[PDB]
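One-letter residues, chain by chain:
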Amino acid sequence: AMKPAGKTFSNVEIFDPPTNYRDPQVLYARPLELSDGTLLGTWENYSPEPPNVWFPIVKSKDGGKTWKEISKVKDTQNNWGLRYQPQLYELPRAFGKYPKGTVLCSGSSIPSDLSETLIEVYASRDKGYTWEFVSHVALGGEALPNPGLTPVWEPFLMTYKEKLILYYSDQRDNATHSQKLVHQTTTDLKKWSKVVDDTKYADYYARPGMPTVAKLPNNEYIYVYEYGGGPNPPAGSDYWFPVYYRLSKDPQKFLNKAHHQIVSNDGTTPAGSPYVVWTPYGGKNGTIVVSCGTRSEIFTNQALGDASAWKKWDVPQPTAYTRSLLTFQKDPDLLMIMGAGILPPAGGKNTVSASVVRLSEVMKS
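For this deposition, the record names X-ray crystallography as the technique by which the model was determined and cites 1.85 Å as its resolution.

In structure tokens:
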């Protein structure tokens, strides 16, 4: 007798960090699917230094079932390390001397003392085996989320027409706001535009942050973030980070758009470190899928972001800080959910893991 006769799985471990890693050891998991179906993954790797911290790159050939480390993205520029908030992205077209299919890794280079912040772009021309420094995007100050400091954070990349847009969180322009959501554009991955405001709130202590974006089938885009200092903090809190979003045909123009809090039909209010994707699954409008960093459920919207149409569904992947999502190019029904655990103090227990669910199963088609 031999094994009998798939694609879904739960709580597959990716990395279990050494005991001597620094709290929280790992955090901020990100996945990427390449055009050839290979998956890459990275995270914040709190290794004892030196060497200067790096972003590991793991690779899966079997839809996330098994993984192997194939490289590291190292800081070749600053003698700091690549420390916070990595983000992987595959170019869907050419920008300057970087062709379609080039893999970008963005994130923040930071000295161990957290004294400065610097959002970089690195690129791999061999589907993630080797890396080269591309450009310095945004230099900021001290890497603490305190009012008055001037750090930059949390890069997210997306292409719009002839432009590559890098969205982030920015504390530098702080005469009025302690933190704003902003972006810059490039057409060649070398020269970046002036910084443009995406979202800002008329309270100094508000901290809108952690942008992610997805394209909808009506040619609108959904812009998702956490609204630190958002209204109506729950009993026993003076400050929280409810998940909000905006809709726009032009993803360079979120500032002038009305905001919306995600609240599910049962009154559930997701908060913290959100992540959005859109999949063709679910019919006419597909499905917008959102994760937050404080709940285990997925939040969905099959009405192109109609504030009244958010639903919630249990999945087997645990709650994680900036738990991320990926929708499979060969199969829209398949959703990967990836995390690297909880915020410090994490009690020495964080690991990197993922599950892949079928939406037709999760969401009772």
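> Residues and numbers for the overall build of the protein, please.
The secondary structure content of the protein amounts to 1 helix and 24 strands. In summary, the protein has a C-alpha radius of gyration of 19 Å against a globular reference of 21 Å for 365 residues, a match within 12%. Dimensions along the principal axes, computed over C-alpha positions, put the protein at roughly 65 × 45 × 45 Å. Carbon and sulfur atoms make up 51% of the accessible area of the protein, which amounts to about 15000 Å² in all.

> Tell me about the pattern of salt bridges, and please be specific about residues and values.
For the structure shown, the criterion picks out 11 salt bridges. For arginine 22, the salt bridge identified is with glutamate 49, shortest N-O distance 3.7 Å. Of this pair, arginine 22 sits in the loop between β1 (9-15) and β2 (26-33) while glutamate 49 sits in the loop between β3 (39-45) and β4 (55-60), placing them 27 residues apart in sequence. The class for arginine 22 is partly exposed, based on a relative accessible area of 31%. Each of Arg22, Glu49 and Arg83 takes part in one network of salt bridges that share partners.

> Before we move on, could you go through the sheet that holds strand β16 (residues 243-248) and cite the residues and values that matter?
Backbone hydrogen bonds are what pair the strands of a sheet, in a parallel or an antiparallel way. On the basis of which strands lie adjacent, the open sheet formed by 4 strands has the order β14-β15-β16-β17 and antiparallel pairing. Edge positions in the sheet fall to β14 (207-215) and β17 (260-261), since each of these pairs with one other strand and no more. Strand direction decides the pairing type here: β16 and β17, joined by 2 bridges, are antiparallel. From the neighbouring strand, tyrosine 244 faces β17, where its bridge partner is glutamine 261.

> I'd like a description of empty space enclosed by the protein, backed by residues and values.
Within this model, the largest cavity holds a volume of roughly 40 Å³. Sorting the residues of the lining of the largest cavity by element identifies β2, β10 (152-160) and β14 as the ones contributing at least two each. Looking at side-chain class alone, the lining of the largest cavity contains 6 nonpolar, 2 polar and 2 charged residues.

> Lay out the nonpolar core in plain terms, naming residues and giving numbers.
With 28 residues, the main nonpolar core has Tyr167, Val213, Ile298 and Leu335 as its most contacted residues. Listing elements by their share of this core, those giving two or more residues are β10, β11 (163-170), β15 (221-228), β18 (275-279), β23 (331-339) and α1 (359-362). For this core, the element with the most residues is β15, which contributes 4 residues. In terms of nonpolar packing, the next biggest core, distinct from the first, is built from 19 residues, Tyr98, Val121, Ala123 and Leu166 among them.

> With reference to specific residues and values, describe the layout of surface pockets.
Empty space within the largest pocket amounts to approximately 1000 Å³. Lining the largest pocket are 32 residues; nearest its centre among them are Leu32, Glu33, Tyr89, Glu90 and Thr327. Mapped by element, the contributors of at least two residues to the lining of the largest pocket are β2, β6 (82-90), β10, β14, β18 and β22 (324-328). Of the residues belonging to the lining of the largest pocket, the class tally is 22 nonpolar, 6 polar and 4 charged. Computed from the structure, the second largest pocket encloses a volume of approximately 590 Å³. If you go around the second largest pocket, you meet 26 residues; those closest to its centre are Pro145, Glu154, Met210, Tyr321 and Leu343. With 3 residues, β14 is the single largest residue contributor to the lining of the second largest pocket. Considering only residue class, the lining of the second largest pocket consists of 15 nonpolar, 7 polar and 4 charged.

> Describe the packing of aromatic side chains, with residues and values.
The geometry of an aromatic ring pair is captured by the separation of the ring centres together with the interplanar angle, meaning the angle of the planes. On inspection of all chains with the given rule, the structure shows 16 aromatic pairs. An angle of 45° between the planes, with centres 6.5 Å apart, marks the rings of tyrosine 167 and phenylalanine 254 as tilted. Separated by 87 residues along the polypeptide, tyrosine 167 in strand β11 and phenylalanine 254 in the loop between β16 and β17 bring together distant segments of the chain. Over the ring of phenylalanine 95 we find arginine 93, and its NZ or CZ is 5.2 Å from the ring centre. Against the face of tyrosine 221 rests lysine 215, its NZ or CZ located 4.6 Å from the ring centre.

> Break down the sheet that holds strand β9 (residues 132-140) for me, with residues and values.
If you walk across this open sheet you meet the 4 strands as β6-β7-β8-β9, and the pairing is antiparallel. What marks the edges here is a single partner per strand, and that holds for β6 and β9. Direction aside, neighbouring strands of the sheet carry axes that sit 20° apart on average.

> Can you explain unusual backbone geometry? Please cite residues and give values.
It is generally the case that most residues other than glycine have a negative phi and that most peptide bonds are trans. Across the junction of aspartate 23 and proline 24, the peptide omega takes the value 10°, indicating a cis bond. Relative to the elements of secondary structure, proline 24 occurs in the loop between β1 and β2. A cis amide bond links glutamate 49 with the next residue in sequence, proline 50, at an omega value of -5°. For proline 50, the position within the fold is in the loop between β3 and β4. In this model, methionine 210 sits at a positive phi of 65°, which is unusual for a non-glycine residue. Residue placement: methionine 210 occurs in strand β14.

Rules and cut-offs
- Residues numbered from 1 in each chain as written, not as in the entry; some residues may be left out.
- Heavy atoms only, no water.
- Helix = DSSP H or I, 4+ residues; strand = E, 2+ residues; numbered from the N terminus.
- Rg over C-alpha atoms; globule rule 2.2 N^0.38 Å.
- Areas by Shrake-Rupley, 256 points an atom, 1.4 Å probe, with all protein chains shown as cover.
- Salt bridge = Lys/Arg side-chain N within 4 Å of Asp/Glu carboxyl O.
- Buried < 20%, exposed > 50% of the residue type's maximum accessible area, 1.4 Å probe, protein only.
- Pairing = 2+ DSSP bridges.
- 1 Å grid on protein atoms, 1.4 Å probe; cavity = no way out; pocket = protein on both sides within 12 Å on 5 of 7 lines; lining within 4 Å.
- Points joined across faces, edges and corners; volume = space filled by probe spheres on them.
- Nonpolar A, V, L, I, M, F, W, Y, C, P; charged D, E, K, R; others polar.
- Core = buried A, V, L, I, M, F, W, Y, C linked by side-chain atoms within 4.5 Å.
- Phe/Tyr/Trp six-rings, centres within 6.5 Å; stacked < 30°, edge-to-face > 60°.
- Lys NZ or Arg CZ within 6 Å of the ring centre and 35° of its normal.
- Axes fitted to C-alpha atoms, helices over the stretch in contact; angles between N-to-C directions.

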